[PDB]
């Protein structure tokens, strides 16, 4: 069995999807934002706008198959990233708020541009998925990407303990 998008159809490996929440009341899709002294928007964050599908995210399995297997690792990159970013792939860097989800200004190695994994959420007509962060075990997926709203309203994506993200993947019109 593989990952299913928010309409029942199999998630197409490499395709573009909007990562929206289970409950639309929780917010909108995932986009970018300029936090810190970033020269541009390099912080992956959720949209405060309940009607915003957000940026279409590209999901690329670790397998070169047509579909993405259930426990497969996946790279997640913005279809239309910001100019300043070297590559369009989400990545995980350390920070005070813990591991944070950000875009990089210089190229990224495979071991960094391939650290996420989707996990099904049991009882739901529609397939919902939590987002895991897998790290270097000299791989271990046992960290859940969640939200952390910073003092400026930014609902950043950062590994958290409570309230992990629960997403539905809606195919984005190419």
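Residue numbers count along the first chain shown, from 1.
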Can you say how many deposited residues have no coordinates in the span between residue 138 and residue 139, choosing none, 1 to 3, 4 to 9, or 10 or more?
1 to 3
Mean CA temperature factor from the deposited coordinates, higher in 157-165 or in 19-27?
157-165
As the entry reports it, the stretch among 117-125 and 30-38 with higher mean C-alpha B factor is 117-125
Out of 76, 101, 73, 84, residue topping the C-alpha B-factor column of the entry
84
Which third of the chain does residue 55 land in by C-alpha B-factor: lowest, middle or highest?
lowest
If you rank every modelled residue in this chain by C-alpha B factor, which third holds residue 108: lowest, middle or highest?
middle
Among the modelled residues of its chain, does the C-alpha B-factor of residue 144 lie in the lowest, middle or highest third?
middle
Sorting the chain's modelled residues by C-alpha B-factor, tell me whether residue 44 ends up in the lowest, middle or highest third.
lowest
By the entry's values, the third containing the CA B factor of residue 132 is the lowest
